[PDB]
Structure formats: C-alpha cells, structure tokens
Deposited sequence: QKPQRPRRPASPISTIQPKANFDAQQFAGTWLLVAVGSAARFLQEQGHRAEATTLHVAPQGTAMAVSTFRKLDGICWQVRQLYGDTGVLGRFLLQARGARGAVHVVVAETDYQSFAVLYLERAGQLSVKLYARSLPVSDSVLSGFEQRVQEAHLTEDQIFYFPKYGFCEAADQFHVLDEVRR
C-alpha cells in the first residue's frame, strides 16, 4: 500500500476543490487521451464525472468517491471487474492545480490536474519531483494534449457507475 505513505492535503476542503479540472500529466507504470473532471461534493462523498474524447465522441463516466474517515482520502469502491481505487488529494491550492495519487492493486500512480492551461513551471516541476519520489521515471510520465477536451456526452455515451 504505497499510497498509505502519502500525506493528504492538510484540512482538505471539498467545497473549494469543487468544479472543473483538466488533466495535465500522469505518472504511472501501467502497461485515447485528454481528460476533464467535474467534481461535486455530496454530503461526505464526492460525485465525480470524467470526460474523454475518443474518435471525436465525448464519453462520460459518472462515479462516486466515498469518504474514508481521513480528509483528502477517498475510495472508488470495487464493483464487478472494476477493482477498488484509492485516491488521495495531496498538494493543491484549489485555484490552479491539484496533485492526486491513485492506487489500484497495489500500484501507485500520480496525476496533475489544473483549473486552466498552461500550468506554471513551478507546478509542473513540482509534479515531476513527486513522480520521481514515487519511484517512477521520467519515461513513465505522460503529458496530455492542451486540446481535445470535452465535457458533455449524450445519453448513449454515459456510463453510470453510481
């Protein structure tokens, strides 16, 4: 459980973290790009919609990330073939960037999200520092396009996992 060694954002405020986030980069050893996040607090949990543009078509996945008893740490419960996904919001100023850690089957990944583009050099460099600290190399970092985003899918391309 590599993610247990990660410190969550001190006094994480779901209300301030709400809204739209754009994926900037991902650090992962895991063996179709571009992504948008819509986060809406739901009591103690977080209602989350992710959008990805594939072959010009927008696909939406609706999920619920439950509260785990620790601020900044959430859980996407397993269901069927989908394994559980642990999430920790680490560094974030709510107004420009967010560094999230995800773990599935013991494999840790790191994602950098931004409120708008481009992200500052200091944040990008900071993210890269965290990736190397997560024992991942520069070649395990995938930087996403500064275009190709979408944030609305029709009823035929919505996967509701809630």
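Visitor: Point out each run of deposited residues with no C-alpha coordinates, keeping the order of the sequence.
Guide: Going by the record, the segments left unmodelled (no C-alpha atoms) fall at 1-10, 42-49, 181-182.
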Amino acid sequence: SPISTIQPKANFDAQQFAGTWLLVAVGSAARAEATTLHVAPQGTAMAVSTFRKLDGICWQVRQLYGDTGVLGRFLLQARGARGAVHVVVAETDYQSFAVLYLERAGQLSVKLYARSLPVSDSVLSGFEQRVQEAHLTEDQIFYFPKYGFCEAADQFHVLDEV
From here on, numbers count along this sequence of modelled residues.
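Visitor: Give the stretch, out of 12-20 and 135-143, with the larger mean C-alpha temperature factor in the deposited entry.
Guide: Going by the record's values, the stretch with the higher mean is 135-143.
Visitor: Could you settle it for me: does 105-113 or 34-42 have the higher average Cα B factor in the PDB entry?
Guide: According to the entry, 34-42 carries the higher average C-alpha B-factor.
Visitor: Which listed residue, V26, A29, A47, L124, has the largest C-alpha temperature factor in the record?
Guide: It is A29.
Visitor: What third of its chain, lowest, middle or highest, does the C-alpha temperature factor of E128 fall into?
Guide: CA B-factor rank for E128: lowest third.
Visitor: Going by the recorded CA B-factors, say which third of the chain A84 sits in, lowest, middle or highest.
Guide: Highest third of the chain for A84's C-alpha B-factor.
Visitor: Can you tell me which third, lowest, middle or highest, the CA B-factor of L54 falls into for its chain?
Guide: As the PDB entry reports it, the C-alpha B-factor of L54 lands in the highest third of its chain.
Visitor: Quick check on the deposited entry: does the C-alpha B-factor of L75 sit in the lowest, middle or highest third of its chain?
Guide: Lowest third - that is where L75 ends up once the chain's C-alpha B-factors are sorted.
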